[PDB]
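Nothing in this text is a laboratory measurement; each read-out follows from the coordinates by a stated rule. We place every Cβ from the backbone using ideal geometry, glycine too, and count neighbours over all the protein chains shown.
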Amino acid sequence: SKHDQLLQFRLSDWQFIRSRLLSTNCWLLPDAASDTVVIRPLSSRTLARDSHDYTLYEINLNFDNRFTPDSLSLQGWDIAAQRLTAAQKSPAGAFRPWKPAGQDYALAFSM
Amino acid sequence: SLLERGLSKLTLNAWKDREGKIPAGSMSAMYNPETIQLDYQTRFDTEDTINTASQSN
């Protein structure tokens, strides 16, 4: 969808990008050894203990659930309709970054 | 041997740079050492890999 009106108000110009990637459901994937960047939306090799090809030394994994909600029900004030647009709840369990082998966040804006 | 029976002492030459361009002094020492010894040593570290397929260092 085309924008009606963005505005970069004295931002760093890199600060503006990763505040605009957060609102677009994309991440950067920067590549060294080139000037090519593949921006791709948030959506295998099978390294195993038995496998000879890759030698492992340490596997740290944190598994936190403090800052992980389940909903993100966000909504905002529609100027034309004045209904405070219907709550678009997002289910948890879509886009699972950790898939194992074996609280509801909600804001409302005045805009 | 094969020509004559005179001794050959050891000579300690010195420089100043890494190469041979700038010679410092140079002495030959009488009364040869009776025994030299040159020790080699190579350091290895064992791989403590978690996969336990192989033992290596």
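Calculated FRET efficiency, residue A:3 to residue A:53, Cβ-Cβ distance, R0 = 41 Å: about 0.30 to the nearest 0.05.
Within 10 Å of the Cβ of each residue in B:45-53, the mean number of Cβ atoms contributed by other protein chains is 4. Within a straight-line Cα-Cα reach of under 29 Å, residue B:21 can be paired with the following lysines, leaving aside sequence neighbours fewer than 8 residues apart in one chain: B:9. Rounded to whole numbers, the Karplus 3J(HN,Hα) couplings from phi for the stretch A:59-70 are 10, 8, 8, 8, 6, 9, 9, 5, 9, 10, x, 10 Hz, using 6.51 cos²θ - 1.76 cosθ + 1.60 with θ = phi - 60°, and x at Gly and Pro. With a 10 Å cut-off around each Cβ of A:44-54, the average count of Cβ atoms from other chains is 2.
Counting other C-beta atoms within 10 Å, which of A:59, A:17 has the fewest, and how do the rest follow? Write out the running numbers ahead of the final one.
Values: A:59 8, A:17 13.
With the fewest neighbours first, A:59, A:17 line up as A:59, A:17.
Beta-bridge orientation, the protein assembly as shown: approximately 75 percent antiparallel, per DSSP, counting only bridges with both partners inside. By the rule of a C-alpha distance below 26 Å, with chain neighbours fewer than 8 residues away ignored, the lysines paired with residue A:89 are A:2, A:99.
Residues whose amide H falls under 5 Å from that of residue A:27, counting only those 5 or more places apart or on a different chain, are A:40, A:42, with hydrogens built in the peptide plane. Using label points projected 7 Å from each Cα along Cα→Cβ, tell me how many nm separate residue A:66 and residue A:101, to one decimal. Computed distance between label sites residue A:66 and residue A:101 equals 3.0 nm. A crude spin-label estimate for the pair residue B:11 and residue A:84, with each label 7 Å from Cα along the Cβ direction, gives 10.0 nm.
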